[PDB]
Each structure stands twice: as structure tokens, then as C-alpha cells.
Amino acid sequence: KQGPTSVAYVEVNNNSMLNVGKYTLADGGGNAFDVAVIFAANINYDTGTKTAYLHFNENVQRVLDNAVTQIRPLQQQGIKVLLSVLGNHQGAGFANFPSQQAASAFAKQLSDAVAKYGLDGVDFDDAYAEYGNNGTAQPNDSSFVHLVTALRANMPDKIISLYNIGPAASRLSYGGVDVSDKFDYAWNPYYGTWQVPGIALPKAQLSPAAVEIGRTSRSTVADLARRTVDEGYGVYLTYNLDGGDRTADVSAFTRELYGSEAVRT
């Protein structure tokens, strides 16, 4: 199998992670999906102590707790598994940490989660944070730079990704550090569209196409996958794969990226 790295965000609160490893190429080429993303843990806020924390919904906690049965089968098969973190209407967000050490503390909660659950990295989705709630600050210039510098510093061997969205995505430089090269991948967050992320990252690390498996049409999936190769980009963001027979949707993109169709167990 040779071509763009395909990614699949899975809505764990209502779908199994295990569905990602059930699609492989008909040409004996491998998994249709290279990266699977646990969606999602949240950035919450403790108003009384004025500090953000890495929050996990119980349904999310369960995937973690049961990692051997939920995540491991993917990794065993060659699929990398990332945990994504989203704003949670708490005011606290990735472009919000008031100091280096504040960002750094959260940075550790992210690296530890990755260490105890055997994950392959973290993904950042800056949306819904609702900056300003619970008396928090609006987005500032340093926060994100501080948090990514620390995350990268903590886990130099893992993947660190982000959706190209929110205050954080345009707050990559501060001090003498631009955190863009600290990222492995960056993707378009608007499903059904082509929008090349404006971060200083090689084309192979960018995913201008974002699609929703099951909402976005097949001609659109196939055409956006055709365009990823046509333009020289190396990633392909897929979102919301579930437990139904999505072979046709998958083949639509595997045909263009890899020249093969996909079969499902």
C-alpha cells in the first residue's frame, strides 16, 4: 500500500474504535485507515482554582480503561491511535493558558494520558471552548505556543496533530518559537471541502480534504481523494465512521489514494 495517510476520527461516545481495522485493501495492500483518533477528551475548567484540566467523559474513559480490547487490536494491525482534545464550553481553551507553567501542567496531563494508555499521540481541536466563560481570558499570544512546546518536549517520539480551526491555529509563534514544525499533521476541519491548512508544514503533513463518512457523498469523497494526490498532499482526513457496512464510502477514497478498493470483514 503506497499513498496518502488516511485518518479516521471515531465518535466514541456512540461508536466503536474497532470499526477502523475492519477495512483493508482488496489488492492485499493493507489497512484502508492508517490513523484512528479517539474523539474526544475535553479541556475543562476548575473555576475555584482557576485552572484547566484534561477532562474525560465516562464513555471516553471506558475506551481508555479497556484499551487492550478497544485500541490494541488497531495498533497490532499497524494503525496508530491518537486521542483528540476539544473545548468543552468551559472558557478554558488551548489559546487560553495564562502562563507557561499553566500550559505546561496541562501539557503533562496530555503526555501522561498517552503514556498510561499506550496511545500514539495527541490531536488538538480548538472549538467549543467558549473563551471567556467562568471569567477566563480571551485568546492570548503565548498560551498555545507554550502548550505545544511542552507537549512536544514531553513526548518527542509521538504524533501531535491539529485541526486547522480556532484561535490556537493562528497563534503558532511567540517568543523565539514557532510551534508549526512541532506538528506532524494538520487538517481541514470542514467536511466535504478542500481547504489547504495555512501552517508552515510540508504537503505530506497536510490534509486539505476533510470528509464525513456517511454524510458526504461518494463522488465528493472520490474527487477530494483524487485531488489530494493530484496536488501533492500526503494526508486524508475521514470523520465519523460507524459500525455499518461503509465499504463503498471507503473504496471511494482508497481507489484514488491507493488504486485499490476496500473489503470489509
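Note that residue numbering begins at 1 and tracks the sequence as displayed.
Legend: mean Cα B-factor per stretch from the PDB entry, 228 to 236 versus 193 to 201; the higher mean is in 193 to 201. In this entry, 25 to 33 shows the higher mean Cα temperature factor of the pair 25 to 33 and 59 to 67.
Per the PDB entry, 136 shows the highest C-alpha temperature factor of the residues 143, 88, 136, 173. In the deposited entry, the Cα temperature factor of residue 72 places it in the middle third of its chain's modelled residues. The entry lists a Cα temperature factor for residue 116 that places it in the highest third of the chain's modelled residues. Placement of the Cα temperature factor of residue 101 within the chain: highest third of the modelled residues, per the deposited record. When the modelled residues of the chain are ordered by C-alpha B-factor, residue 49 sits in the middle third. Ranked by Cα temperature factor within the chain, residue 250 sits in the middle third according to the deposited record.
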